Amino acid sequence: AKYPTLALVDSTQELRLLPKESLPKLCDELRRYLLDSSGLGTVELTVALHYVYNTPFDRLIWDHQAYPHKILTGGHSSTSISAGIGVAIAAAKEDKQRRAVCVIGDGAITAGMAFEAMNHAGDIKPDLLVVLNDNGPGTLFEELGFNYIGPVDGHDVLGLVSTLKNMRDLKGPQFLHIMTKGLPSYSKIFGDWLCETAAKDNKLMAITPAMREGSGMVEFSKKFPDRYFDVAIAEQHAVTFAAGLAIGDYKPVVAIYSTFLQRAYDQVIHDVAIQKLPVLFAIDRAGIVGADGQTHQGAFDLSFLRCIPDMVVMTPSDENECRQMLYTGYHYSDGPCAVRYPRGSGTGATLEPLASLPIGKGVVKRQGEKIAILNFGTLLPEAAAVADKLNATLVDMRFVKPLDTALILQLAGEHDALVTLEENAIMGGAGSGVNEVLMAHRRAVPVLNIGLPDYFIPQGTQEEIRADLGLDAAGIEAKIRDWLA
């Protein structure tokens, strides 16, 4: 009704029956429809691709998250070309004339794995069309083995249909280039600390793989531009570039999300940890992210970091502890340090003067009887409520690695059971490390590991995810009671 040509389509197969001349307004109707729910820049491309390609039989792979494509039919970046090549090879072996296309953005194509994919495509020469949605120029892509066309108007649906119909029938790797158009957050706390530290230390260097702005570095980038390094969507280079700066006797800080740090794992291990280089990792979006665009949960960093020798891992419980730990890691010179904190605001904690925290020592917040709660991170307020309810001991462990071994053994000798709490996978996480300490000393005291379950957490609000997983005060108390039953 409000969108006449859009009302006439219920599947992509019917769209291809429409006259070629009706596409321009079909795009406008689609664009305006999206404004009563952002990715509108790909409207014309989406229409042209589905009008030229025999979808869903033909495979269209999108590398942000294109909404127009989902309306007509019914995530980590830079993965489209790689999978697209595999799909293209499978389609060739299938031998049923199935075609493959992949759309990649101007940001995603800066990732190393996109270059690995383009290099491989240039060698084995799959029948694959790569569409670069930007926002000669193709000499680079021609050297990598692609037949390059463009730049073209990414908003001329009829020009795209014609170009795409042509390039769809061509053999080998094809490349089309189009042009289109508490209160403070922990990110703010980190950003303020950055500027504060750089203000009186010319050795500080800040590194981010693409400024999503979520890391809170806009002010720093403008106040200290000569010491701010946006390396594009290149987590691997970000970490090892920092290693080089540390080798040069500078003090690098890598601001990186927990989920995206997974991409730099090998560089953390063999370019930093093995060398004992004092790189400071400021790990944002740790734990439960909620609904932050297309950011996966920071579910695993306490697990995959703590098996690495010579890695310090800190988990602040409020914004003051976060500043203390950033300061501590920045001035720690024996090896790399990680400080992981969640998206969102803290508790309103009083920001105390900065001083290095004793390495590998927790803080007893409340002495109780019978059971002790060992907290790693920002769930401390929830644990505090439970500790008063159950009259339990409560410890802010501060350090996932090195653990406060002496305190763990003392707690085990004065309580009947322990409880560990973390916004991280139970498997291999901070609480698992507590188990290892007790077992190593032959201390058979039962421990309830509370954390993220062993499945990928769907998106939602931080509040309702925490409630669903039993990580609020009520859920933690219930888990303890049932476990002790």
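Position 1 is the first residue in the sequence shown; the rest follow in order.
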Open item on the list: Going by the PDB record, how many residues of the deposited sequence fall between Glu44 and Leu45 without any coordinates: none, 1 to 3, 4 to 9, or 10 or more?
Closed with: none
Task: Unmodelled deposited residues flanked by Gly74 on one side and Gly75 on the other - done: 10 or more
Open item on the list: I need to verify one thing: averaged over C-alpha atoms only, is the B-factor higher for 470-478 or for 12-20?
Closed with: 12-20
Task: Higher-B stretch (mean Cα B-factor, as the entry records it), 208-216 or 107-115 - done: 208-216
TODO: Have a look at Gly290, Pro336, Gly86, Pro252 and flag the one whose Cα has the highest B-factor in the entry.
DONE: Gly290
Open item on the list: Per the entry's Cα B factor values, which of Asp310, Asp396, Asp404, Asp134 stands out as the maximum?
Closed with: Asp134
- [ ] Name the third of the chain's ranked CA B-factors that contains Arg343, choosing lowest, middle or highest.
- [x] lowest
Open item on the list: Quick check for you: using the entry's CA B-factors within this chain, is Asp169 in the lowest, middle or highest third?
Closed with: highest
- [ ] Would you please rank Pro68 by its C-alpha temperature factor against the other modelled residues of its chain and give the third it falls in: lowest, middle or highest?
- [x] highest
Open item on the list: Splitting the chain's C-alpha B-factors into thirds, which one does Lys96 fall into?
Closed with: highest
Open item on the list: How does the C-alpha B factor of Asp226 compare with the rest of the chain: lowest, middle or highest third?
Closed with: middle
